[PDB]
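Q: The file below is protein.cif, mmCIF, N, CA, C and O atoms and all ligand atoms; chains and numbers go by the auth columns:
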```cif
data_run
#
loop_
_atom_site.group_PDB
_atom_site.id
_atom_site.type_symbol
_atom_site.label_atom_id
_atom_site.label_comp_id
_atom_site.label_asym_id
_atom_site.label_seq_id
_atom_site.Cartn_x
_atom_site.Cartn_y
_atom_site.Cartn_z
_atom_site.B_iso_or_equiv
_atom_site.auth_seq_id
_atom_site.auth_asym_id
ATOM 1 N N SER A 1 0.859 -1.218 0.000 0.00 1 A
ATOM 2 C CA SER A 1 0.000 0.000 0.000 0.00 1 A
ATOM 3 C C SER A 1 0.882 1.252 0.000 0.00 1 A
ATOM 4 O O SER A 1 1.678 1.456 0.895 0.00 1 A
ATOM 5 N N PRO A 2 0.703 2.047 -1.021 0.00 2 A
ATOM 6 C CA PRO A 2 1.446 3.292 -1.214 0.00 2 A
ATOM 7 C C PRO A 2 0.935 4.415 -0.334 0.00 2 A
ATOM 8 O O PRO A 2 -0.229 4.496 0.009 0.00 2 A
ATOM 9 N N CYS A 3 1.847 5.244 0.090 0.00 3 A
ATOM 10 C CA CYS A 3 1.500 6.340 1.020 0.00 3 A
ATOM 11 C C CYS A 3 0.576 7.370 0.364 0.00 3 A
ATOM 12 O O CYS A 3 -0.048 7.117 -0.648 0.00 3 A
ATOM 13 N N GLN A 4 0.452 8.512 0.977 0.00 4 A
ATOM 14 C CA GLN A 4 -0.477 9.573 0.452 0.00 4 A
ATOM 15 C C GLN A 4 0.201 10.417 -0.623 0.00 4 A
ATOM 16 O O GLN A 4 -0.344 11.400 -1.087 0.00 4 A
ATOM 17 N N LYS A 5 1.369 10.049 -1.028 0.00 5 A
ATOM 18 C CA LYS A 5 2.070 10.835 -2.081 0.00 5 A
ATOM 19 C C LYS A 5 2.496 9.896 -3.203 0.00 5 A
ATOM 20 O O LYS A 5 3.162 10.285 -4.140 0.00 5 A
ATOM 21 N N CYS A 6 2.130 8.657 -3.092 0.00 6 A
ATOM 22 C CA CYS A 6 2.509 7.654 -4.107 0.00 6 A
ATOM 23 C C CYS A 6 1.308 7.330 -4.989 0.00 6 A
ATOM 24 O O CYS A 6 1.445 6.797 -6.073 0.00 6 A
ATOM 25 N N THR A 7 0.128 7.620 -4.522 0.00 7 A
ATOM 26 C CA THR A 7 -1.083 7.296 -5.328 0.00 7 A
ATOM 27 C C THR A 7 -0.923 7.817 -6.739 0.00 7 A
ATOM 28 O O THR A 7 -0.331 7.174 -7.583 0.00 7 A
ATOM 29 N N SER A 8 -1.415 8.981 -7.009 0.00 8 A
ATOM 30 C CA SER A 8 -1.249 9.530 -8.369 0.00 8 A
ATOM 31 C C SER A 8 0.061 10.296 -8.382 0.00 8 A
ATOM 32 O O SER A 8 0.239 11.233 -9.137 0.00 8 A
ATOM 33 N N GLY A 9 0.987 9.923 -7.531 0.00 9 A
ATOM 34 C CA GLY A 9 2.273 10.674 -7.505 0.00 9 A
ATOM 35 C C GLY A 9 3.450 9.792 -7.076 0.00 9 A
ATOM 36 O O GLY A 9 4.213 10.165 -6.207 0.00 9 A
ATOM 37 N N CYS A 10 3.645 8.652 -7.682 0.00 10 A
ATOM 38 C CA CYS A 10 4.819 7.824 -7.281 0.00 10 A
ATOM 39 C C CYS A 10 6.076 8.514 -7.808 0.00 10 A
ATOM 40 O O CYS A 10 6.314 8.567 -8.997 0.00 10 A
ATOM 41 N N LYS A 11 6.861 9.076 -6.938 0.00 11 A
ATOM 42 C CA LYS A 11 8.080 9.802 -7.407 0.00 11 A
ATOM 43 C C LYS A 11 9.317 8.892 -7.416 0.00 11 A
ATOM 44 O O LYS A 11 10.366 9.283 -7.890 0.00 11 A
ATOM 45 N N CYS A 12 9.234 7.701 -6.888 0.00 12 A
ATOM 46 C CA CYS A 12 10.412 6.831 -6.867 0.00 12 A
ATOM 47 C C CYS A 12 10.580 6.104 -8.201 0.00 12 A
ATOM 48 O O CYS A 12 9.756 5.300 -8.592 0.00 12 A
ATOM 49 N N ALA A 13 11.661 6.353 -8.883 0.00 13 A
ATOM 50 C CA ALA A 13 11.908 5.647 -10.170 0.00 13 A
ATOM 51 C C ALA A 13 12.613 4.329 -9.849 0.00 13 A
ATOM 52 O O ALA A 13 12.592 3.387 -10.617 0.00 13 A
ATOM 53 N N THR A 14 13.229 4.265 -8.698 0.00 14 A
ATOM 54 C CA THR A 14 13.935 3.027 -8.272 0.00 14 A
ATOM 55 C C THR A 14 13.989 3.014 -6.743 0.00 14 A
ATOM 56 O O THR A 14 13.576 3.956 -6.096 0.00 14 A
ATOM 57 N N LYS A 15 14.487 1.966 -6.154 0.00 15 A
ATOM 58 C CA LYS A 15 14.552 1.924 -4.665 0.00 15 A
ATOM 59 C C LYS A 15 15.489 3.025 -4.165 0.00 15 A
ATOM 60 O O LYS A 15 15.522 3.338 -2.992 0.00 15 A
ATOM 61 N N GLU A 16 16.249 3.620 -5.045 0.00 16 A
ATOM 62 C CA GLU A 16 17.173 4.705 -4.611 0.00 16 A
ATOM 63 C C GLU A 16 16.355 5.957 -4.293 0.00 16 A
ATOM 64 O O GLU A 16 16.538 6.589 -3.272 0.00 16 A
ATOM 65 N N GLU A 17 15.443 6.311 -5.157 0.00 17 A
ATOM 66 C CA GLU A 17 14.601 7.512 -4.900 0.00 17 A
ATOM 67 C C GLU A 17 13.514 7.142 -3.888 0.00 17 A
ATOM 68 O O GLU A 17 12.906 7.992 -3.272 0.00 17 A
ATOM 69 N N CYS A 18 13.276 5.869 -3.720 0.00 18 A
ATOM 70 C CA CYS A 18 12.244 5.401 -2.751 0.00 18 A
ATOM 71 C C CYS A 18 12.632 5.799 -1.341 0.00 18 A
ATOM 72 O O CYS A 18 11.800 5.974 -0.481 0.00 18 A
ATOM 73 N N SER A 19 13.895 5.922 -1.102 0.00 19 A
ATOM 74 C CA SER A 19 14.369 6.295 0.264 0.00 19 A
ATOM 75 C C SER A 19 14.069 7.767 0.528 0.00 19 A
ATOM 76 O O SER A 19 14.416 8.308 1.559 0.00 19 A
ATOM 77 N N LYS A 20 13.447 8.425 -0.403 0.00 20 A
ATOM 78 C CA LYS A 20 13.141 9.854 -0.235 0.00 20 A
ATOM 79 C C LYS A 20 11.680 10.043 0.194 0.00 20 A
ATOM 80 O O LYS A 20 11.388 10.795 1.102 0.00 20 A
ATOM 81 N N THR A 21 10.753 9.378 -0.450 0.00 21 A
ATOM 82 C CA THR A 21 9.321 9.549 -0.059 0.00 21 A
ATOM 83 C C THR A 21 8.857 8.362 0.776 0.00 21 A
ATOM 84 O O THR A 21 7.848 8.415 1.453 0.00 21 A
ATOM 85 N N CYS A 22 9.595 7.303 0.746 0.00 22 A
ATOM 86 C CA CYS A 22 9.223 6.098 1.555 0.00 22 A
ATOM 87 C C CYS A 22 10.485 5.335 1.948 0.00 22 A
ATOM 88 O O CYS A 22 11.592 5.813 1.805 0.00 22 A
ATOM 89 N N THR A 23 10.317 4.146 2.448 0.00 23 A
ATOM 90 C CA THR A 23 11.492 3.327 2.857 0.00 23 A
ATOM 91 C C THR A 23 11.434 1.958 2.183 0.00 23 A
ATOM 92 O O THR A 23 12.381 1.197 2.199 0.00 23 A
ATOM 93 N N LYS A 24 10.322 1.643 1.603 0.00 24 A
ATOM 94 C CA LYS A 24 10.160 0.325 0.927 0.00 24 A
ATOM 95 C C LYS A 24 9.285 0.496 -0.322 0.00 24 A
ATOM 96 O O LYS A 24 8.789 1.573 -0.585 0.00 24 A
ATOM 97 N N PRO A 25 9.120 -0.579 -1.052 0.00 25 A
ATOM 98 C CA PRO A 25 8.303 -0.592 -2.281 0.00 25 A
ATOM 99 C C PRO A 25 6.828 -0.575 -1.947 0.00 25 A
ATOM 100 O O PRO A 25 6.206 -1.598 -1.740 0.00 25 A
ATOM 101 N N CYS A 26 6.267 0.599 -1.935 0.00 26 A
ATOM 102 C CA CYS A 26 4.821 0.740 -1.679 0.00 26 A
ATOM 103 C C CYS A 26 4.112 -0.148 -2.705 0.00 26 A
ATOM 104 O O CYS A 26 4.719 -1.004 -3.315 0.00 26 A
ATOM 105 N N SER A 27 2.860 0.049 -2.953 0.00 27 A
ATOM 106 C CA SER A 27 2.210 -0.804 -3.981 0.00 27 A
ATOM 107 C C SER A 27 2.502 -0.231 -5.372 0.00 27 A
ATOM 108 O O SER A 27 1.751 -0.448 -6.301 0.00 27 A
ATOM 109 N N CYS A 28 3.572 0.520 -5.537 0.00 28 A
ATOM 110 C CA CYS A 28 3.842 1.097 -6.892 0.00 28 A
ATOM 111 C C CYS A 28 5.336 1.312 -7.139 0.00 28 A
ATOM 112 O O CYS A 28 5.784 1.253 -8.265 0.00 28 A
ATOM 113 N N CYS A 29 6.120 1.570 -6.126 0.00 29 A
ATOM 114 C CA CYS A 29 7.545 1.781 -6.363 0.00 29 A
ATOM 115 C C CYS A 29 8.107 0.473 -6.978 0.00 29 A
ATOM 116 O O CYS A 29 7.352 -0.269 -7.571 0.00 29 A
ATOM 117 N N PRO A 30 9.394 0.194 -6.844 0.00 30 A
ATOM 118 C CA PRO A 30 9.968 -1.040 -7.418 0.00 30 A
ATOM 119 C C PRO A 30 9.516 -2.271 -6.625 0.00 30 A
ATOM 120 O O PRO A 30 8.814 -2.165 -5.641 0.00 30 A
ATOM 121 N N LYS A 31 9.915 -3.438 -7.052 0.00 31 A
ATOM 122 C CA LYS A 31 9.509 -4.677 -6.329 0.00 31 A
ATOM 123 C C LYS A 31 10.490 -4.947 -5.187 0.00 31 A
ATOM 124 O O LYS A 31 11.124 -4.005 -4.741 0.00 31 A
HETATM 125 CD CD CD B . 5.244 5.618 -1.012 0.00 1 B
HETATM 126 CD CD CD B . 8.692 4.708 -2.752 0.00 2 B
HETATM 127 CD CD CD B . 5.337 4.439 -4.994 0.00 3 B
#
```
Rewrite the structure from the file as structure tokens, please.
Ligand SMILES: [Cd+2]
Ligand SMILES: [Cd+2]
Ligand SMILES: [Cd+2]
A:
Amino acid sequence: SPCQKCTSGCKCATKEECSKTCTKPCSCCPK
């Protein structure tokens, strides 16, 4: 489940940028 900024706004292109808006693969970032 993606946070409140990943819904229509997933900004993580990879787990590297994922450490910026989240800490793990929400339901949209990488696997
Ligand atoms: Cd997220
Ligand atoms: Cd993320
Ligand atoms: Cd995401």
Q: Decode the PyMOL selection byres (((chain A and resi 15) around 8) and not hetatm) for the given file into explicit residues and return them as number ranges by chain.
A: A: 12-14, 16-20, 22-25, 29-31
Q: Give as a list in words the residues surrounding ligand CD 1 (chain B) up to a distance of 5 Å, considering all atoms listed in the file.
A: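 Selection of residues at most 5 Å from ligand CD 1 (chain B): residues 2, 3, 6, 21, 22 and 26 of chain A.
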Q: Among chain A, which residues carry a DSSP assignment of alpha helix (DSSP H), reported as a ChimeraX atom specification?
A: /A:15-21
Q: Quote the spacing between atom N of residue 7 in chain A and atom CD of ligand CD 3 (chain B) in Å to one decimal place.
A: 6.1 Å
Q: With 8 Å added on each side, what axis-aligned box encloses every listed atom of range 6-25 of chain A? Give the centre and edge lengths in Å to one decimal, as AutoDock Vina command-line options.
A:
```
--center_x 7.9 --center_y 4.8 --center_z -3.9 --size_x 34.6 --size_y 28.8 --size_z 29.5
```
